[PDB]
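Quick heads-up: the structure tokens below are two forms of one chain, split into structure 1 and structure 2.
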Structure 1
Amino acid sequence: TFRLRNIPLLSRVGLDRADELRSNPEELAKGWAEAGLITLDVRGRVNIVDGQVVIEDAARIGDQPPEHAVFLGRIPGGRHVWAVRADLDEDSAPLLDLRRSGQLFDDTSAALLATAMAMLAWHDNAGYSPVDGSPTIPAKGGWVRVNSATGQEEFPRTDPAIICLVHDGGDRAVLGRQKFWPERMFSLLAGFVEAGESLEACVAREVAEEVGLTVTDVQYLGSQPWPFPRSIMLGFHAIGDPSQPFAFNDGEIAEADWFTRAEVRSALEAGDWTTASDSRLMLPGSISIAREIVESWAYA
């Protein structure tokens, strides 16, 4: 019935990733002369100025691009841009992380940071082949790691996960509370995609596990990179029957109920998960595609 009103945060622009150059050490070296550089702490946090990620003049850590660096592409202009991990002084400047402060960034800076954050985290967890055990080595602007023994390439890992709004086909929708959340704190149902299933099967499965409903007419709404540490979230809605009672089998879910559009609007207008307020239902931070899905349904 409905569509997303807004493009989810972190999806708003695609970089010029400049795929061409990744395997061209020389053109990388030529453009490093006056390239840009972005720097992340071990927490993914970064420095922000005027809503933009801080881009340092690049040739101040090297004459040539280092091995631990990751090529992110070209900004509007033509200038190469890279990311490194480095320790950052916590006390000399505010360090912003994407999950709690992504909305303060411009769209480009958010893309850069999301990419950089997921890649650097990947390298930190891919220094060895899972196949045999050999050490691995960065190559091609940091987009592969090559095995030392065999020469086999290993590639960045993004794990797909669904998030779903179950509704009755009209004016009512399922929201649920996980046991490990504060009270009065609800959202959509989510799950990782297992091997050997479609997204549509994954939605029906996870819904059935978590709240015990049978759902149909499973439909994609959109997608959002989610580097915490390495997910991509895929948004869906589906139709359930309110007359079928709930059942918490995969007991991740403490409680759940059907809510009206009215109820949800009221909850949205009182804030998100991070607001202190009176309300007996509070919903997720606008960072999440979950909030965009709920909002898109509740206002029509």
Structure 2
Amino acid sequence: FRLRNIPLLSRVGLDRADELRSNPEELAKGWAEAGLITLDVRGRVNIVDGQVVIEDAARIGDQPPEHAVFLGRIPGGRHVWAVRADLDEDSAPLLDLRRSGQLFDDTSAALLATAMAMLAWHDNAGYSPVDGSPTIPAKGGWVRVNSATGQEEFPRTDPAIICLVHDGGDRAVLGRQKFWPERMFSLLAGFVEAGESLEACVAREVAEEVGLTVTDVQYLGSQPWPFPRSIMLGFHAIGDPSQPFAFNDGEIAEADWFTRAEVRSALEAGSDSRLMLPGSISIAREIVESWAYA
């Protein structure tokens, strides 16, 4: 099977205008009538008519500040930037783009995903991992330069796999983590280690978490996941129900095989039956859904 829909946040991006990042002058010239998006500490943002709030940008400075991040151009040719800031409690702020991002258009969601991962990175990359030195933003916020050595540090996106193990027919593995509300299962996920391919990572993470041996590992799609800095790569793989479970790396409290039937009805639910699926914008939902209605 294949994914039915492109997952939220993946539907192409903007004109990120790589060119201009290394061109301080052009940034300054376009800043006059630039746009500004603003994110609080928790990554919350404002929305209006299904669209991200874009202030007039000049109303915080003459020039673009160092702590800002240049996001690109929007249809028409107008620059757009992002800053970390407090937000006004007297607006409509979204606590989690993760749980509410379906309210936004594709463009706005792209802006926000970019802005959110970058700002979070800045907040976690003020020092070189190499020596310890302070670091300084540059190039529209797309690098941080070591203050001692001049060496560039770049935005960090950790790849993670998320997998649906199925039997090749009508059944599929879902699992629940230690502290999750009961009756709540989802796909198996794990970070890619150094020295392994995605395919090997899937097989490894599945074996660790539920003790199955899988084959026929196939990619379904991908999704930026700024919480704070993942990119999720979706897979499916064939397991064997006869092989018993085993919770070695005990991140998984409970797991079972579920029927297509069970999953379809669990998808419709969202306090009745034994399986319930958490309701987010995740590619996880799109994978489960694309399998269950093959």
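Rigid core: the largest C-alpha set superposing within 1.5 Å between the two forms. Throughout, residue numbering runs from 1 along the sequence of structure 1.
- For the set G78, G151, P130, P94, a Cα shift of at least 2 angstroms between the two structures, after rigid core superposition, holds for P94 and for no other residue.
- Relative to the superposed core, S286 moves its CA by 4.1 Å between the two structures.
- For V13, the Cα deviation between the two structures after core superposition amounts to 2.8 Å.
- Aligning the rigid core leaves the CA of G196 displaced by 1.1 Å between the two structures.
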